[PDB]
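Remarks on the overall topology
Next come the chains, spelled out residue by residue.
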Amino acid sequence: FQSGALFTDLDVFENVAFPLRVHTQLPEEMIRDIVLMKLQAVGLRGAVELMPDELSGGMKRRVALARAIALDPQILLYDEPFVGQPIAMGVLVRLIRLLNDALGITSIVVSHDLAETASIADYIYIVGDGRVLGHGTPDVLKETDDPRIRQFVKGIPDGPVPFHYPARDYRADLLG
Amino acid sequence: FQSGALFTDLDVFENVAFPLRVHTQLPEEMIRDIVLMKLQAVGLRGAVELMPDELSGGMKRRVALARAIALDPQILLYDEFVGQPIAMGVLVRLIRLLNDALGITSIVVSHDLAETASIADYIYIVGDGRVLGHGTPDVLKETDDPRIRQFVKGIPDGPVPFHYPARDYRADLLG
Amino acid sequence: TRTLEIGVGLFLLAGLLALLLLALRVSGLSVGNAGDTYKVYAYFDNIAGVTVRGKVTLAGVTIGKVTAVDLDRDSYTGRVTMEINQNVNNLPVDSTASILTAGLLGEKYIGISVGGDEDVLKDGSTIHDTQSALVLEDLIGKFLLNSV
Amino acid sequence: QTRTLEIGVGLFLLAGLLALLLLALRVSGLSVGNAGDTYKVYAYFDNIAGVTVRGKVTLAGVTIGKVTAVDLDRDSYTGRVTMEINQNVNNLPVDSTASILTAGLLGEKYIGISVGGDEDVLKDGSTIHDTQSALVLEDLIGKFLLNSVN
Amino acid sequence: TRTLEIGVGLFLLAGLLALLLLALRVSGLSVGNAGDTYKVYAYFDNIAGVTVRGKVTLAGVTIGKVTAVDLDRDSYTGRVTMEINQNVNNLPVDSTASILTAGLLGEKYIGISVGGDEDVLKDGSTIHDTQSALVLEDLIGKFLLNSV
Amino acid sequence: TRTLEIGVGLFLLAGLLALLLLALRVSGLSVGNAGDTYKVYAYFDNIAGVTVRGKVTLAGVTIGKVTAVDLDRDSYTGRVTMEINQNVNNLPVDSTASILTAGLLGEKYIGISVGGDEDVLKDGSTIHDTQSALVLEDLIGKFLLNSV
Amino acid sequence: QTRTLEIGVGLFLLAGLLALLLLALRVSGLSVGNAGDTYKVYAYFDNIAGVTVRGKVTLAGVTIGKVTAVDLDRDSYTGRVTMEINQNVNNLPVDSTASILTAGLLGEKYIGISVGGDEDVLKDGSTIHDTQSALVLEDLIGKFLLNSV
Amino acid sequence: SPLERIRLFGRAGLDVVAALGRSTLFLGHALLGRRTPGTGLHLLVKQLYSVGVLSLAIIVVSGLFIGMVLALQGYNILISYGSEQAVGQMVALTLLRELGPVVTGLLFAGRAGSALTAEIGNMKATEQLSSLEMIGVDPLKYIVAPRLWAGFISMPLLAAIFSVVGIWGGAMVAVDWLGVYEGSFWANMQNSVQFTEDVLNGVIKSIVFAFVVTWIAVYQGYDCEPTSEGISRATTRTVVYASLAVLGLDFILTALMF
Amino acid sequence: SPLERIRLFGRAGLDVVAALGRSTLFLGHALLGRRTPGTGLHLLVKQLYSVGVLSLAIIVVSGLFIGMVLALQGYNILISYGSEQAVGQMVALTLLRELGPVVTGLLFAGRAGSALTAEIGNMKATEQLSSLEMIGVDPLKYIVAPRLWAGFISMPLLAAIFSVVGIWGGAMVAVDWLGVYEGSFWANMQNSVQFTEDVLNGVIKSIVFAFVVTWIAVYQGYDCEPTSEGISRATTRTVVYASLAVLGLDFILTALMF
Ligand SMILES: CCCCCCCCCCCCCCCC(=O)OC[C@H](COP(=O)(O)O)OC(=O)CCCCCCCCCCCCCCC
Ligand SMILES: CCCCCCCCCCCCCCCC(=O)OC[C@H](COP(=O)(O)O)OC(=O)CCCCCCCCCCCCCCC
Ligand SMILES: CCCCCCCCCCCCCCCC(=O)OC[C@H](COP(=O)(O)O)OC(=O)CCCCCCCCCCCCCCC
Ligand SMILES: CCCCCCCCCCCCCCCC(=O)OC[C@H](COP(=O)(O)O)OC(=O)CCCCCCCCCCCCCCC
Ligand SMILES: CCCCCCCCCCCCCCCC(=O)OC[C@H](COP(=O)(O)O)OC(=O)CCCCCCCCCCCCCCC
């Protein structure tokens, strides 16, 4: 999740170890090795000591990613993975791809930030007002000519989604 | 300010009108004209009725941009486009329209480097207490400053450490 | 999901108004708008512990309240006026009314003894004979200084 | 269809809570066996100054029952107190007398009973025959000072 | 809006009305309570239990309250100043003023016994004679040591 | 950690000790006083003012509390069962226990006398003779009507 | 050094809070309108069973002051009660006596003073000469029951 | 380490004083600093309805409940001592000099002390306050100043309403439920209240803690850390501190007038 | 419009009952639903620390203050009547049989009823709870279950500690400050307490409060809206409700046993 969703009452070590101690009864020494290698893979190995509020906002998400990749899931979902970044956002967008190509695990990056999504995405979707508004590879979705999707994939402030709000004519608005 | 920083006890109309009723004693019908034309400029003219929690996240920022541009300031700074594409597009278009049209100084302060450089004309970088260089977005793109080339690009590892200060991957893992 | 919403709203409004009215009826003593207790008068020489809203009684059992006491400006005595439970309507006129004391240290009530036997009452009339309340100072003056 | 279930459970517990906890009403103190069963009797007195309801009747100090009601009989202008008697204590003879006593010195005036001398006991719903009425400070001091000492 | 400026004012009034209820219908200072009352002096030999805001009475029923106790510098006696209700203004000068103990363990209240004289008062004048408040030590000294 | 477990345990013990203090010390319950005490029965003619958990004493000092009171279906007297501490076990059988009043207006406890020098006790047996608890009514009856 | 001024003001407020406790601050039996203008006096009694501190001393019922302390003089084995007297009352002669009374029947045992007669009054810090001590119930009932009746 | 724990303790100690002085400076700048342009009486009214009028159902229902409790309790304790007709003065002494204002300070520290710290503390996290100084309106005078005045002039009023409803509810359970003689309730009540030591006593005791209740409730919000958890920790610190400053200050205020 | 206001009022009225039933289902699924893998007694200990042990200084200091208030006050009122030894009995009876548990429910709804909803509502806003179901641990059993257990078995203990410290502080001000005879305090106290109607009475009244306080404090947080202001409104709703669930339920518990 964005903002990490880190268990506040647990330290970073027990935080990353939590998915282990749930589905698995492993020796507390073997569990530490699994937690340590994970925290290394995200770079947050040195902070195996801290509490999730003693961590900066950027690193709070990497330890949560390490908690996720614990137990070695085969798919893993990233909600708002790259919201508030630039160097922090770079390491995270590199990790979400490394974890995919290396571990061969399905990644579902779900963020409104289109640039970096399309950067790492391979089959990007668009969801709008209850229905999937098309989908495809990032380039085939770049010029699909769907007014809503061409309005989303680019800036284009005005389009199917109204730029102006539903009000009365401005001419008479201040006149009357 | 990011997230709108909208006065909750005031409705959108009185919200946008607040900077007017402070420095100025204008007729309550003249304040209405400025609030109405100021809210229409950001596109949030129809929601002159709502309360700031009845407004969506992205739309709430637009009303705040209107409250700011009330009184017609000559400079305006928008700390943190972030955590929102179609909305971000209208916002990044408005911060430029307000600049070229009104001729007002804009100080966009956001981490989202891409869109910043998109609208910025003289972009700065501030790090660990000191300004780490500055310049036009392209001259800052390849300044060869290790910290600034590490910031202006992804490059997870550089002057800012990717790894935390651990002890040893051989010792801590075995000891 | 809209017809029964206003229904529960009106149910709750009526319940709140019901609570308000069932609370209000405490003041304005809740025996309708008036009661059924007829008065009677009594003249004493000292009512030291017969402050308002005491208990009047016969044979120990409470008959009614003491409504008011007053220093009648002519005789410098005490006129006590007291309500009597209407069922209690058979005390003869010659009945006496003496200020007793609740147990040993309780508030002084007034107790009526049947006295004689004649015309009962008008229930709003006056009592004639009585024994006034005791005062500890006169008591000890009679006991110590006079007798012993 | 969740919200409907939630409202149903709210009504269920809410309806149950009011009956189980509120209504501040009649006693159900194990009315399945022996009830702490008590049968009333009457007692004619002459002055009942401090035998107010929620008092106690007793024999030789230990409680026998409580006073249920006091009444003024419109004929004799005397007091009739009706009280309860524990079912186990059911050997109180007739000529046994009642008398208003005081707990300690400033305690509530209870009704003690002294055993009489005949065989037949009661129907537990009859009345008592003879008694000693309650004393009052005024009559006490009147008989003390004015007659005996003076 | 005005839906609040009325709500706010409504309860700003409700709280002040609650304050007035506490000051008037919970404590009873002056709304029709004790009002025009005129002072009277009294010289006693001992006022051991006579406190401020007591009760001065006649025939048991209250006449007013006592206002101030003082030790006169000349005769070392207790001068009390007490309020007497206006409706009661027929107390003769020769009348006596004793200190009676309320009930058996109550507060010491001043009680006036009518002597009977044509002249009444000035309501601002003093009383002539009295009977001082009793003290248990001298009482039992006269009882045990002196009498028997 | 372990300091969290230590603190949780410490203050869990503190609360339970406070509960046992409110029970044993503040209320004066059985457990501390119960210990090892041996029962004794006693026949009285009137137990007017002795209650459960009422002290039983000798020469003024407490030896235990009374446990229960009974109205015997046979002799119409009061059978009180009372505990007695084990250490005090030299009370003879011919001892006379009576009902005394603590101070002047305190609860009526039971104080026992010295019963000569015959067989001591069974600590579960019954006492033979006594002096019943006094009552105000018979007291003033014998005092005023008969003597004076 | 903003923190310094903040701590300074916090200490200034803590100081007033310390003096806000007012645990027996002023010491008297009445308000300061009358003031503390009182001077001591001593009294030798034989039995002061109920003259606990912060009581009252009076004349003719109206209070004069409050007792300050009770002491046991190790020489004559009696009680010495030291008390205060309001300054406006400065006319109690030496030959006058003090005696422990009781407010009503179950009140606190105050001490009254009976004025005799003599020109010289006091020095307000001297000691009384005679008294009548406080009677206990036991000596009273012993004198009553066994002796007279 | 122990040398670390004691340093942290002393830091927390000195910081508690630093905050207690910063709060005094804040109250000063709020109550008598200047007159900013955005002020008025409309703010005080808008804050008077959110600090008092919204807190009206809680304290009224609570006063009714605590009154029917004090009467329903003291009657049971008074039924053994014969002072039966003295239960009226009880629900008007044990509810008008010490428990009335104290329980009102406990419910006003809880509702309008926690709803005033999470409302003035959430304005600091969303930069609602910082966006005021940059407009030019001193937030201490536009935001904090009205809340300070709507706490000062509402908690004594709420305490008076609390005492009134508690007395009346105690009547409604003594008279209508427990059957004590009606008129004696109010009679025995009003002859022994001694206004200057019951009514005015409790009212000054309510002004005192009530002022403290809305000073350490509007400061803890203003000096929280701007985050969703800093606000939630401040809205708990302001209940703890405003319950201590109700109870202990009631001890300090009752030691002066018993 | 009026037809709009009444519709909104009826919607809130039905919504309240919907929430009252959802809370019951939540308490059911929390207390006796299943046994998820992440549970244990370590959770209950960690909670017992934050809920009770952290709430120990507040209620202890408050009990001391309320005891030296009760005694310092009743001594003043009882001296007038003439009864003075019994201040130890009167001070203990009010605190142990009623005010003790009530004030403990008011301070435990304030400290550990707000720091409970805030802690479990921030757990909802930051998706700390949603990230538990997707791990596979039922948050009602791993997060809510220990918090409810910590409240049930800590608020009665805190109330007992409150009563003990209040009694002892009342002694320390009656005896050492007001000079009443030392031994009479505890003597007159323990002869007229009647454990089954004062100690066990107050203890059941405190248990009943804990179940209704720690459940409307753990639900208010679980069913807040996930935002920095939804949490701050829930941590106020849980103080209001848990004060109304303390006072009102104390009126219903004291009607049962005077
Ligand atoms: C010469 C200078 C000496 C310094 C004097 C400073 C003393 C005041 C502060 C007390 C210590 C607080 C430590 C904080 C504890 C902690 O861990 O810190 C815990 C909390 C705050 O930290 P959290 O973030 O953990 O909540 O601190 C508190 O609870 C603050 C305590 C407030 C008490 C101060 C006011 C009391 C006034 C009464 C004084 C009169 C005494 C009467 C007895 C005779
Ligand atoms: C017989 C039924 C039992 C009676 C009591 C039941 C207990 C629960 C009801 C108490 C009221 C709950 C309000 C909670 C506070 C709150 O929401 O907090 C205060 C809120 C503020 O609203 P916000 O959510 O906008 O901040 O005010 C309201 O809008 C609440 C409106 C409710 C008004 C009803 C209560 C008024 C008087 C109470 C009854 C009178 C008693 C006399 C009758 C004999
Ligand atoms: C024998 C034992 C007796 C001891 C009695 C001690 C009583 C002490 C009084 C308790 C008060 C505790 C305050 C808690 C505040 C706190 O912790 O203070 C700490 C907090 C800040 O702490 P943080 O660092 O945790 O944020 O302070 C504030 O936020 C501001 C509160 C300031 C208000 C202080 C109260 C002073 C009242 C003065 C007015 C008096 C008027 C009277 C005139 C008649
Ligand atoms: C033993 C089982 C335990 C179950 C419950 C035990 C007893 C608990 C009693 C609940 C007390 C309710 C007070 C709530 C006050 C409140 O929330 O008051 C505060 C709320 C706040 O509103 P919001 O929900 O918008 O925040 O105020 C309102 O909603 C306005 C008035 C609503 C009051 C509705 C009352 C419902 C009572 C049920 C009766 C309806 C019958 C339905 C028939 C169709
Ligand atoms: C000895 C018997 C055992 C006792 C058992 C305890 C009973 C349990 C009662 C459960 C209480 C309900 C909890 C609801 C859960 C929740 O979070 O409830 C939350 C919801 C509110 O929903 P929102 O989130 O929409 O505001 O409901 C409430 O607001 C509950 C308020 C509780 C108020 C309690 C009042 C009870 C007192 C009534 C007295 C009336 C007397 C009137 C006479 C004049």
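Residues numbered from 1 in each chain as written, not as in the entry; some residues may be left out. Chains lettered and ligands numbered in written order. Part of a larger assembly, values for the part shown. Heavy atoms only, no water. Residues with missing side-chain atoms left out of burial classes, pairs and counts.

The name given to chain D in the PDB entry is MlaD domain-containing protein, with Pseudomonas aeruginosa as the source organism. Per the header of the deposited record, the title is "Cryo-EM structure of P.aeruginosa MlaFEBD with ADP-V".

Inclusion rule: UniProt positions are given in the numbering used here, feature names are shortened, and annotations may be inferred rather than shown by experiment.
Identification of chain A as Probable ATP-binding component of ABC transporter from Pseudomonas aeruginosa is taken from the PDB entry. Regarding chain A, the relevant UniProt record gives this comment under Function (unreviewed entry): "Part of the ABC transporter complex MlaFEDB, which is involved in a phospholipid transport pathway that maintains lipid asymmetry in the outer membrane by retrograde trafficking of phospholipids from the outer membrane to the inner membrane. Responsible for energy coupling to the transport system."

1. Digging into the site of ligand 2
Selection criterion: In these notes, residues near a molecule or strand are those with any non-hydrogen atom within 4 Å of it. In this description, accessible areas are obtained by the Shrake-Rupley approach with a 1.4 Å probe, and a residue is regarded as covered only by the protein chains that are shown. Elements are defined by DSSP. Helices are runs of H or I of four residues or more, strands are runs of E of two residues or more, and each kind is numbered from the N terminus. For this classification, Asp, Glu, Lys and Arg are treated as charged, while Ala, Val, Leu, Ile, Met, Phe, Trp, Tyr, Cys and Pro are nonpolar and the rest, including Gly, are polar.
What surrounds ligand 2 is the set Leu-19 and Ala-23 of chain C, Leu-54, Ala-57, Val-61, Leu-64 and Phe-65 of chain H together with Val-240 and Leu-244 of chain I. More than one chain reaches ligand 2: the nearby residues come from chains C, H and I. Burial of ligand 2 by the protein chains amounts to 47% of its free accessible area of 1,000 Å². Of all the secondary structure elements, the ones that give two or more residues to the shell around ligand 2 are helix 1 (3-24) of chain C, helix 3 (56-78) of chain H together with helix 11 (228-256) of chain I. It is helix 3 of chain H that contributes the most residues to the shell around ligand 2, 4 residues altogether. Of the residues that constitute the shell around ligand 2, the class distribution is 9 nonpolar, no polar and no charged.

2. Let's talk about the interface of chain G and chain E
What counts, and what does not: The contact rule is simple, with two residues in contact once any of their heavy atoms fall within 4.5 Å. The term buried area refers to how much accessible surface (probe radius 1.4 Å) is lost by two components on association, counted for both of them together. For this analysis, a salt bridge means a side-chain nitrogen from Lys or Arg found within 4 Å of a carboxyl oxygen belonging to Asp or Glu.
Opposite the 23 residues of chain G that make contact, chain E presents 20 residues. Of the roughly 1,800 Å² buried between chain G and chain E on both sides combined, carbon and sulfur atoms contribute 71%. When the area that chain G buries against chain E is broken down by residue, the three leading residues are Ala-60, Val-62 and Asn-91 of chain G, summing to 26%. Counting across the interface, chain G meets chain E through 0 salt bridges. Those elements that place two or more of their residues in the side of chain G that touches chain E are strand 3 (62-65) and helix 2 (137-148) of chain G. Here the element with the most residues in the side of chain G that touches chain E is helix 2 of chain G; it accounts for 4 residues.

3. A look at the relation of the copies chain I and chain H
For the pair of chain copies, the relating transformation is a rotation about an axis with a translation along it. Counted only if it meets this: A least-squares fit, run on the C-alpha atoms, superposes the copies.
With an axial shift of 0.0 Å and an RMSD of 0.3 Å, the rotation relating chain I to chain H amounts to 179°. In symmetry terms, the pair is related by a two-fold rotation axis. Using C-alpha coordinates, one finds that chain I approaches the rotation axis most closely at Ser-228 of chain I, a distance of 2.3 Å. In this assembly, 95% of the residues forming the interface of chain I have copies in chain H that are likewise at the interface, indicating an isologous arrangement.

4. Comments concerning the interface of chain I and chain H
With 44 residues of chain I at the contact, the number on the chain H side is 45 residues. With 16 residues, the top contributor of residues to the side of chain I that touches chain H is helix 11 of chain I. Of the residues contributing to the side of chain I that touches chain H, the split by class is 24 nonpolar, 14 polar and 6 charged.

5. Details of the packing of helix 1 (residues 2-24) of chain E against helix 9 (residues 155-174) of chain H
Threshold: Axes, fitted as lines to C-alpha atoms, cover a helix only where it is in contact. Angles between the N-to-C directions of the axes lie from 0 to 180 degrees. Here the angle decides the label: under 35 degrees means roughly parallel, over 145 means roughly antiparallel, 65 to 115 means roughly perpendicular, and every other value means oblique. Crossing handedness follows the turn of the near helix against the far one: under a right angle anticlockwise gives a left-handed crossing, and clockwise gives a right-handed one.
Taken N-terminus to C-terminus, the directions of helix 1 of chain E and helix 9 of chain H make an angle of 55°; their axes are 8 Å apart at the nearest point. With respect to their mutual orientation, helix 1 of chain E and helix 9 of chain H come out oblique. The two elements helix 1 of chain E and helix 9 of chain H cross, and the hand of that crossing is left-handed. Between helix 1 of chain E, through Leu-12, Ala-14, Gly-15, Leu-16, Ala-18, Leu-19, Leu-21 and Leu-22 of chain E, and helix 9 of chain H, the contact on the second element is made entirely by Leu-157, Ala-160, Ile-161, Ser-163, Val-164 and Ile-167 of chain H. A per-class count over the contact of helix 1 of chain E with helix 9 of chain H returns 12 nonpolar, 2 polar and no charged.

6. Quick look at the packing of aromatic side chains
Test applied: Side-chain rings of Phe, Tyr and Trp (the six-membered ring for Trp) are treated as a pair once their centres are within 6.5 Å; stacked means planes under 30 degrees apart, edge-to-face means over 60, and tilted covers the remaining angles. Only protein chains enter the accessibility calculation, which uses a 1.4 Å probe. A residue is then buried if its area is under 20% of the maximum for its type, exposed if over 50%, and partly exposed in between. Consider the ring centre and the ring normal. A charge sits over the ring if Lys NZ or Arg CZ is within 6 Å of that centre and within 35 degrees of that normal.
According to the stated counting rule, one finds 25 aromatic pairs over all chains in the structure shown. Geometrically, the ring pair formed by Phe-251 of chain H and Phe-65 of chain I is stacked, given 5.9 Å between the ring centres and 25° between the ring planes. Taken together, the positions of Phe-251 of chain H in helix 13 (residues 228-254) and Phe-65 of chain I in helix 3 (residues 56-81) put the pair across two chains. Since its relative accessible area comes to 4%, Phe-251 of chain H is described here as buried. What makes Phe-65 of chain I partly exposed here is its relative accessible area of 22%. Both rings, one in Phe-26 of chain I and one in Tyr-222 of chain I, keep their centres 5.4 Å apart while their planes meet at 35°; by these two values the pair is tilted. Of this pair, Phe-26 of chain I sits in helix 1 (residues 2-32) while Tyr-222 of chain I is found in helix 10 (residues 195-222), placing the two residues 196 residues apart along the sequence. Against the face of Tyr-41 of chain C rests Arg-79 of chain C, its NZ or CZ located 4.7 Å from the ring centre.

7. So, the UniProt feature "domain: Mce/MlaD" (unreviewed entry) in chain D
Within this structure's numbering, the places UniProt gives as "domain: Mce/MlaD" (unreviewed entry) are residues 38-115 of chain D. Secondary structure across residues 38-115 of chain D divides into 0% helix and 53% strand, with the first and last C-alpha atoms of the span separated by 19 Å.

8. Focus on the sheet that holds strand 6 (residues 97-102) of chain D
One key point about sheets: their strands pair by backbone hydrogen bonds, in either a parallel or an antiparallel sense. All names here are of chain D. Put simply, the rule reads: In short, DSSP must find at least two bridges between two strands for them to pair.
Taken in spatial order, the 5 strands of this open sheet run 3-2-7-6-8, and their pairing is mixed. Unpaired on one side and paired on the other, strand 3 (62-65) and strand 8 (131-132) mark the two borders of the sheet. With 3 bridges connecting them, strand 2 (residues 57-59) and strand 3 associate as antiparallel partners. Bridge pairing in strand 3 links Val-57 to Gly-65.

9. Examining the sheet that holds strand 6 (residues 96-101) of chain E
Residue and element names in this part refer to chain E. Across the sheet, which stays open at both edges, the 4 strands sit in the order 3-2-7-6 with mixed pairing between neighbours. Of all strands in the sheet, those with a lone pairing partner are strand 3 (61-64) and strand 6, marking the two edges. With strand direction ignored, the average angle separating the axes of adjacent strands in the sheet is 40°. Pairing of strand 6 with strand 7 (residues 108-113) involves 6 bridges; the strand directions are antiparallel. In the sheet register, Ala-97 faces strand 7, and the bridge partner there is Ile-112.

10. Concerning a negative patch on the surface
Basically, it comes down to this: Patch building starts from residues that exceed 30% relative accessible area and form no salt bridge, then joins like charges within 9 Å and nonpolar side chains (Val, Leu, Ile, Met, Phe, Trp, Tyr) within 5 Å. We treat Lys and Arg as the positive residues and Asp and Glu as the negative residues; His and chain ends play no part in the count. All charge positions are set by atom: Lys at NZ, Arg at CZ, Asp at CG, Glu at CD.
A cluster of like negative charges, contributed by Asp-95, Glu-119, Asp-120 and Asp-130 of chain D, occupies part of the molecular surface. Mapped onto the secondary structure, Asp-130 of chain D falls in the loop between strand 7 (109-114) and strand 8.

11. A closer look at the pairing of strand 4 (residues 67-72) of chain D
Residues and elements named next belong to chain D. Sheet topology places strand 4 next to strand 5 (residues 79-86); 5 bridges connect them, and they run antiparallel. Paired with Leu-72 across the strands is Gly-79, a residue of strand 5. A loop of 6 residues connects strand 4 with strand 5, the two strands running antiparallel in sequence, and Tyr-77 in this loop sits at a positive phi of about 60°.

12. A word on unusual backbone geometry
Even without being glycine, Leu-23 of chain D reaches a positive phi, approximately 70°. Among the secondary structure elements, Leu-23 of chain D is positioned in the loop between helix 1 (2-21) and strand 1 (38-45). Residues other than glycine seldom take positive phi values, yet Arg-53 of chain F does so here, at roughly 60°. Structurally, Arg-53 of chain F is set in the loop between strand 1 (37-44) and strand 2 (55-58).

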